[PDB]
Amino acid sequence: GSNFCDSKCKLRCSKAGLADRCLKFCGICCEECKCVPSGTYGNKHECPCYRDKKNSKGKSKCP
């Protein structure tokens, strides 16, 4: 491949219950942060921008 957001997000979302939503938001977050945490959940201290990103209701945005 040739886009690390697409590749990392496919891994990050590979065990998600709502895969299309996970891929959308992981993609948005990687476009903003240029970092995706490893594994399929947790590990967000690898990517402080990804970890801390919020939506308009103050809720965590990035899977």
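Between residue 16 and residue 46, the simple spin-label model (points 7 angstrom out along Cα→Cβ) gives 1.5 nm. Estimated translational diffusion coefficient (Stokes-Einstein, Kirkwood radius over Cα pairs, 10 °C, 1.306 mPa s) of the chain: 139 µm² per second.
Okay, helix-only estimate at 222 nm for the chain: each DSSP H run of n ≥ 4 adds -39500 (n - 2.57), divide by all residues, round to 500 deg cm²/dmol; what do you get?
-13500 deg cm²/dmol
Farthest toward the positive end of the dipole of the chain, out of 28, 9, 42, is the Cα of 42, where the dipole comes from beta carbon charges about the Cα centre.
Full extension of the chain between residue 34 and residue 57 yields a length gain of 6.0 nm, computed as 0.36 nm times the residue separation minus the alpha carbon distance.
Placing +1 on the Cβ of every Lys and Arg and -1 on the Cβ of every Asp and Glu, with nothing else charged, gives the chain a dipole about its Cα centre of roughly 260 debye.
Where a number appears in this text, it was derived from the coordinates with a stated rule and is not lab data. Cβ atoms come from the backbone with ideal geometry, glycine included; neighbour counts cover every protein chain shown.
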